[PDB]
Each structure stands twice: as C-alpha cells, then as structure tokens.
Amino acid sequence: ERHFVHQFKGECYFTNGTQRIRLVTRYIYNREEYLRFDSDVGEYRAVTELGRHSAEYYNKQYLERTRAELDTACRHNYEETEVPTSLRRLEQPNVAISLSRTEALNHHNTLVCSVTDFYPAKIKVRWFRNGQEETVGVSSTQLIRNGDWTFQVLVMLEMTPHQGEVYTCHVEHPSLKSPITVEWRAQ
C-alpha cells in the first residue's frame, strides 16, 4: 500500500528555569528532517537535500517572526503556563513490598518494593536490613512512565531470610515531607 507523511516538530528547551532557552523546529518528510531552526544557530538551515532551497526561502520569509517565537511561545508558556501547572504537579507515591516466590525456606529470595503513581520522576528508594543500608543485592527497573502523568518503579532485593529479620523499604520523593517506610518480616 502507498502512503506519504510529513511532520512538524516545535521544541522548546529550558535549563535552570528560563535563564537559558533554546528553540528547535524541524520539518520532516516521512522520517527525514530536511529543514531546521535552532536558537543557538540563528537561522533556518537545510539538513538534507529536500531542504536545500527550503532554507533560503524560510529566512527571507519567516526568520524575523521565528526568532521571536522563542519568547511569545517558549519563554511565555513556561513562565506563564508551566509554573502554575506542569511544574507544580506533585503526585505522592505508593509503596508496597512483595515476595519473589511463595514463602522462604531460608533460600535466595527477592523482595520487590513497588513505588507507583508518583510525579515528578525525581525519586530515591533504598532497602534496609534492620536499620542497615542494604548496599548490594538491590537493583531497580529503568523507571517507568505511565503516560497518564505518573511514573512507577520496582526495586528488588536479593536476600536470604532468617528469623526476627526486618526489611524496610525507604522511599524519598519531593511530594513527601517525610519518607515513606514500608517494613516486611519473615513471620
């Protein structure tokens, strides 16, 4: 079957608030970016062939206006819209500990702390063995982005349970004043 596609991407980059804004627009045919505008650059540029003369035209035509969108659009949006929304959002997480496989004989098992539904994504998790930082045995999934504006992540702990042992899952995040701790015992 025959098909043709064209895309337009307008991207605004911000470092340290708005004290550094970059603007990039790309014009794409199928999966080829032929034309492009970068703040750092200054003018429209040809990336491939199809864009060769497209450049010369876009400058003679839009350059001025374009160089101005970096504020009307990027600076504006952030400062005027993102601060009160996006940048304000704060979804506390959910912490649950699970067991790799049904009960423990006293064999190599693994505990799964499950941190879910949080936001933003800055987060710190860590296991403990009776108040002791578990240094090795930990490993976590590369943080998951649910798409509904929430993330999750699983932190596993390879360990051999004895008795009277306590395993806590320390969870820190911007949304929380105090860190959530979730305990687990070999009852």
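Between two forms, the rigid core is defined as the largest C-alpha subset superposing within 1.5 Å. From 1 onward, residues are counted along the sequence shown.
Trainee: Fitting on the rigid core only, I'd like to know which of the two stretches, 32 to 40 or 135 to 143, ends up farther away in Cα terms in 6 other deposited structures of this protein.
Mentor: Between the two stretches, 135 to 143 moves farther in 6 other deposited structures of this protein.
Trainee: When the other structures of this protein are compared, and only where the residues around it are present, is residue 102 absent from a third or more of them?
Mentor: In at least a third of the other entries, residue 102 has no coordinates.
Trainee: Decide which of the stretches 85 to 93 and 102 to 110 has the higher mean C-alpha B-factor, going by the entry.
Mentor: It is 102 to 110.
Trainee: Should the higher mean CA B-factor in the entry be assigned to 54 to 62 or to 150 to 158?
Mentor: Higher of the two, by average CA B-factor, is 54 to 62.
Trainee: Given 19, 178, 168, 25, identify the residue with the highest C-alpha B factor in the PDB entry.
Mentor: Answer for 19, 178, 168, 25: 19, with the highest C-alpha B-factor.
Trainee: In terms of the chain's CA B-factor thirds, is residue 128 lowest, middle or highest?
Mentor: It falls in the middle third of the chain.
Trainee: Please place residue 143 in the lowest, middle or highest third of its chain by C-alpha B factor as given in the entry.
Mentor: Answer is lowest: the recorded C-alpha B-factor places it there.
Trainee: Mind checking which third residue 44 falls in for C-alpha B-factor across the chain?
Mentor: Its C-alpha B-factor belongs to the highest third of this chain's values.
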